[PDB]
Amino acid sequence: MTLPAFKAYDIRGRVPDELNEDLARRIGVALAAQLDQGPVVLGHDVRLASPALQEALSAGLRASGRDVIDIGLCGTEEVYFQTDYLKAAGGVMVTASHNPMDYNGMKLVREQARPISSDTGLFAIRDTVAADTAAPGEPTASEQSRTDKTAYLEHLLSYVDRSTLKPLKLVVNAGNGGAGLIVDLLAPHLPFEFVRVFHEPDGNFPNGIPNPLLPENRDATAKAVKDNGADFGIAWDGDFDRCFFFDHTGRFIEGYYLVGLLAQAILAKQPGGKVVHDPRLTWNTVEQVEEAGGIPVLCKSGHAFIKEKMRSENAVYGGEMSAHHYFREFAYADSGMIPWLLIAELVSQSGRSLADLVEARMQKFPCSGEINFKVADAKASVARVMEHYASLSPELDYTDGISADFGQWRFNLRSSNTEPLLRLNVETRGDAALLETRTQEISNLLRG
Ligand SMILES: O=P(O)(O)OC[C@H]1O[C@H](O)[C@H](O)[C@@H](O)[C@@H]1O
Ligand SMILES: [Mg+2]
């Protein structure tokens, strides 16, 4: 067979049977043969096994003659940023993002932090690793420790006009992942008062694995916002490339609406720019981008597609409803830090609450939220849905699964590229009743 840890976008598996130090070392060797000339940036998250997996990666890379730049404990976006900033040949982040504490993994990038995915080198690396029975060589290159975050922090701060910021009270919830370390390094440069929840890095995850989508984890941020009268709250996943917002009432804001909000915030600074968006939920983003003078660009979901579309279009910003936000000036990479800095600036400058910034958009384009289905026959289930609606003659688009536009409502229905699931998103033109009846109708057809 094949090694199960090699997924479409990254490496992730259980330690030590799906991923271990030996595999990690062999991955470093294979990665060296895939990259153009230069050093390789390595970083890791708070998980207990991550240092040892990074060390093994470094040993394989240096046995293959690659200099290693160890940036230490960090977020995934710091590996992206330093890989580009230091003009490295590539980078690896050791992380399992949101998986249990017995899982780990790797996200791999080449020059300018361009993704290495299944069809762009990752399965090539897998096959190499699978057949590699060579003895480990010894290092022929050095490792340098470069933990300085100054350039990264200054880059984050460059997205906001410091003099326009107000001393907002912000709940921050690192979920015992790594985000709190960056918050604390930014704080001396910001006027905000921070309310720190689950702040200390702890790979034992005593308060739950870092997944702000779990309602029990969500409620910790919501409660801290309400109990402290905070202007809003921010939570992150463990490697903090995903950020999650809570308004002053404690309400979790559906990530869809952050894409349009951030696009308007960016286009205020970068007039007329292109904005890349996914096909899952679209109408609000298209309208807000256009009303801010930008040009919306439909793109297949998935960071590798989004980033390459942004590059080919010189797009200033891209966003997915799945809490990923990409910035051209950030090496076209996603950041879980830039979004809340931009939102805090927008709240400061506009005098409006986060709630009111999104309220009218949520009323105008209500959405189902993403609903996942594990069914016995995904292909037959999709066919049942499409057959049922055929007589209404929807406008159909196959950018990413099936998108069907009926006029006053639309849906996207696609297979996930990270799990064996179907994912449904529905939205309507200001009609909550139609949203619920169509969502339930599609759901029944899928389960039939
Ligand atoms: O909906 P999926 O195919 O499962 O992908 C969900 C997400 O997986 C990863 O997080 C990718 O980096 C994202 O770009 C993608 O949106
Ligand atoms: Mg993550």
# chains A, B, ... in the order shown; residues from 1 in each chain; ligands from 1
>>> residues_around(residues="region 225-229 of chain A", least_positions_apart="5", cutoff="12 Å", atoms="only C-alpha atoms", output="MDAnalysis selection string")
chainID A and resid 168:173 193:197 218:220 234:235 245:252
>>> write_last_selection(atoms="N, CA, C and O atoms", output="compact mmCIF listing (two decimals), in the first residue's frame")
# COMPACT_ATOMS: atom_id res chain seq x y z
N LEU A 168 -9.28 49.22 22.50
CA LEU A 168 -10.29 48.19 22.59
C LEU A 168 -9.88 47.12 23.60
O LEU A 168 -8.69 46.87 23.81
N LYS A 169 -10.88 46.48 24.19
CA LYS A 169 -10.68 45.35 25.08
C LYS A 169 -10.98 44.08 24.29
O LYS A 169 -12.10 43.88 23.83
N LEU A 170 -9.97 43.24 24.12
CA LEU A 170 -10.05 42.08 23.24
C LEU A 170 -9.82 40.83 24.05
O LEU A 170 -8.79 40.71 24.72
N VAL A 171 -10.74 39.87 23.95
CA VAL A 171 -10.46 38.54 24.46
C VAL A 171 -9.61 37.81 23.44
O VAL A 171 -9.87 37.86 22.24
N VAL A 172 -8.56 37.14 23.91
CA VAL A 172 -7.72 36.31 23.06
C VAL A 172 -7.66 34.93 23.67
O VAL A 172 -7.43 34.79 24.88
N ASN A 173 -7.85 33.90 22.84
CA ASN A 173 -7.93 32.52 23.32
C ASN A 173 -7.03 31.63 22.46
O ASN A 173 -7.44 31.11 21.43
N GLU A 193 -6.39 46.39 25.48
CA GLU A 193 -6.32 45.61 26.71
C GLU A 193 -6.72 44.19 26.37
O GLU A 193 -7.82 43.97 25.84
N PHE A 194 -5.85 43.24 26.66
CA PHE A 194 -6.09 41.85 26.35
C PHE A 194 -6.62 41.10 27.56
O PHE A 194 -6.13 41.26 28.68
N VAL A 195 -7.63 40.29 27.31
CA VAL A 195 -8.18 39.34 28.27
C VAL A 195 -7.74 37.96 27.79
O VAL A 195 -8.26 37.48 26.78
N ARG A 196 -6.79 37.35 28.48
CA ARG A 196 -6.12 36.15 27.98
C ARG A 196 -6.81 34.89 28.51
O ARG A 196 -6.87 34.68 29.72
N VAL A 197 -7.30 34.05 27.60
CA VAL A 197 -7.98 32.80 27.93
C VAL A 197 -7.13 31.65 27.40
O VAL A 197 -6.65 31.72 26.26
N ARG A 218 -15.59 26.94 21.83
CA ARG A 218 -16.26 28.19 21.46
C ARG A 218 -16.83 28.91 22.68
O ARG A 218 -16.68 30.13 22.81
N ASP A 219 -17.50 28.18 23.57
CA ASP A 219 -18.16 28.86 24.68
C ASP A 219 -17.17 29.50 25.66
O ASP A 219 -17.54 30.45 26.35
N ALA A 220 -15.93 29.01 25.72
CA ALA A 220 -14.95 29.65 26.61
C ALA A 220 -14.64 31.07 26.15
O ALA A 220 -14.51 31.99 26.96
N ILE A 234 -11.15 36.76 19.97
CA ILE A 234 -10.43 36.06 18.91
C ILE A 234 -9.93 34.75 19.48
O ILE A 234 -9.36 34.73 20.57
N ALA A 235 -10.15 33.66 18.75
CA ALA A 235 -9.61 32.37 19.10
C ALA A 235 -8.86 31.82 17.90
O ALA A 235 -9.15 32.17 16.76
N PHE A 245 -13.77 34.65 15.24
CA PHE A 245 -14.18 35.91 15.84
C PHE A 245 -15.50 35.78 16.58
O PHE A 245 -16.41 35.06 16.15
N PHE A 246 -15.60 36.53 17.67
CA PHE A 246 -16.77 36.59 18.53
C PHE A 246 -17.08 38.06 18.74
O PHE A 246 -16.20 38.82 19.13
N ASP A 247 -18.33 38.46 18.50
CA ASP A 247 -18.66 39.86 18.67
C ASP A 247 -18.92 40.16 20.15
O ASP A 247 -18.83 39.28 21.00
N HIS A 248 -19.26 41.43 20.45
CA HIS A 248 -19.37 41.85 21.84
C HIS A 248 -20.51 41.16 22.59
O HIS A 248 -20.52 41.21 23.82
N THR A 249 -21.43 40.51 21.88
CA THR A 249 -22.48 39.75 22.55
C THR A 249 -22.07 38.31 22.84
O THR A 249 -22.88 37.55 23.39
N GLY A 250 -20.86 37.92 22.46
CA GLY A 250 -20.40 36.56 22.57
C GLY A 250 -20.72 35.69 21.39
O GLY A 250 -20.35 34.52 21.37
N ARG A 251 -21.39 36.23 20.38
CA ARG A 251 -21.82 35.44 19.24
C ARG A 251 -20.63 35.12 18.33
O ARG A 251 -19.86 36.02 17.97
N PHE A 252 -20.49 33.85 17.98
CA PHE A 252 -19.46 33.46 17.03
C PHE A 252 -19.88 33.90 15.64
O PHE A 252 -20.99 33.62 15.20
>>> residues_near_ligand(ligand="ligand 2", cutoff="8 Å", atoms="only C-alpha atoms and all ligand atoms", output="VMD selection string")
chain A and resid 76 96 to 98 237 to 242
>>> residues_around(residues="residue 441 (chain A)", least_positions_apart="4", cutoff="12 Å", atoms="only C-alpha atoms", output="ChimeraX atom specification")
/A:384-386,388-389,411,424,426,434-437,445-448
>>> residues_near_ligand(ligand="ligand 1", cutoff="10 Å", atoms="only C-alpha atoms and all ligand atoms", output="ChimeraX atom specification")
/A:8-10,97-98,107,115,241-242,278,280,300-307,319-326,334,370,372,400,414-424
>>> select_by_dssp(residues="region 10-195 of chain A", states="helix (DSSP H, G or I)", output="PyMOL selection string")
chain A and resi 21-34+50-63+76-85+111-113+118-120+122-131+150-157+162-164+179-189
>>> select_by_dssp(residues="region 1-141 of chain A", states="strand (DSSP E or B)", output="MDAnalysis selection string")
chainID A and resid 6 11:14 40:44 68:73 90:94 103:109 115
>>> closest_residue(among="A:231, A:290, A:138, A:102", to="residue 13 (chain A)", atoms="only C-alpha atoms")
A:102
>>> residues_around(residues="residue 84 (chain A)", least_positions_apart="2", cutoff="10 Å", atoms="only C-alpha atoms", output="PyMOL selection string")
chain A and resi 41+78-82+86-91+109-114+330-333
>>> atom_distance(atom1="CA of residue 347 (chain A)", atom2="CA of residue 165 (chain A)")
8.6 Å
>>> residues_around(residues="residue 64 (chain A)", least_positions_apart="5", cutoff="7 Å", atoms="only C-alpha atoms", output="ChimeraX atom specification")
/A:29,32,140
>>> atom_distance(atom1="CA of residue 152 (chain A)", atom2="CA of residue 181 (chain A)")
12.8 Å
>>> closest_residue(among="A:156, A:161, A:105, A:383", to="residue 191 (chain A)", atoms="only C-alpha atoms")
A:161
>>> residues_around(residues="residue 134 (chain A)", least_positions_apart="5", cutoff="12 Å", atoms="only C-alpha atoms", output="mmCIF file with N, CA, C and O atoms, in the first residue's frame")
data_model
loop_
_atom_site.group_PDB
_atom_site.id
_atom_site.type_symbol
_atom_site.label_atom_id
_atom_site.label_comp_id
_atom_site.auth_asym_id
_atom_site.auth_seq_id
_atom_site.Cartn_x
_atom_site.Cartn_y
_atom_site.Cartn_z
ATOM 1 N N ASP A 22 12.116 8.233 12.366
ATOM 2 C CA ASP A 22 12.714 7.643 11.173
ATOM 3 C C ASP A 22 12.054 8.174 9.905
ATOM 4 O O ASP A 22 12.741 8.573 8.961
ATOM 5 N N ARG A 25 13.084 11.778 9.358
ATOM 6 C CA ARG A 25 14.422 11.906 8.785
ATOM 7 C C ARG A 25 14.411 11.579 7.293
ATOM 8 O O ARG A 25 14.987 12.312 6.480
ATOM 9 N N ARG A 26 13.754 10.477 6.912
ATOM 10 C CA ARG A 26 13.665 10.149 5.494
ATOM 11 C C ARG A 26 12.954 11.243 4.703
ATOM 12 O O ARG A 26 13.304 11.487 3.543
ATOM 13 N N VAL A 29 15.437 13.929 3.876
ATOM 14 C CA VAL A 29 16.307 13.525 2.778
ATOM 15 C C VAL A 29 15.593 13.711 1.447
ATOM 16 O O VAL A 29 16.140 14.285 0.493
ATOM 17 N N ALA A 30 14.350 13.231 1.363
ATOM 18 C CA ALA A 30 13.610 13.338 0.105
ATOM 19 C C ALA A 30 13.304 14.786 -0.234
ATOM 20 O O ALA A 30 13.349 15.173 -1.409
ATOM 21 N N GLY A 60 18.027 14.685 8.557
ATOM 22 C CA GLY A 60 17.980 14.226 7.176
ATOM 23 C C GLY A 60 18.366 15.320 6.194
ATOM 24 O O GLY A 60 19.111 15.079 5.238
ATOM 25 N N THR A 128 9.434 8.317 -2.613
ATOM 26 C CA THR A 128 10.854 8.244 -2.286
ATOM 27 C C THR A 128 11.063 7.666 -0.895
ATOM 28 O O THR A 128 11.854 6.734 -0.706
ATOM 29 N N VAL A 129 10.357 8.222 0.098
ATOM 30 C CA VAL A 129 10.480 7.749 1.473
ATOM 31 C C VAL A 129 10.103 6.276 1.564
ATOM 32 O O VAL A 129 10.761 5.489 2.260
#
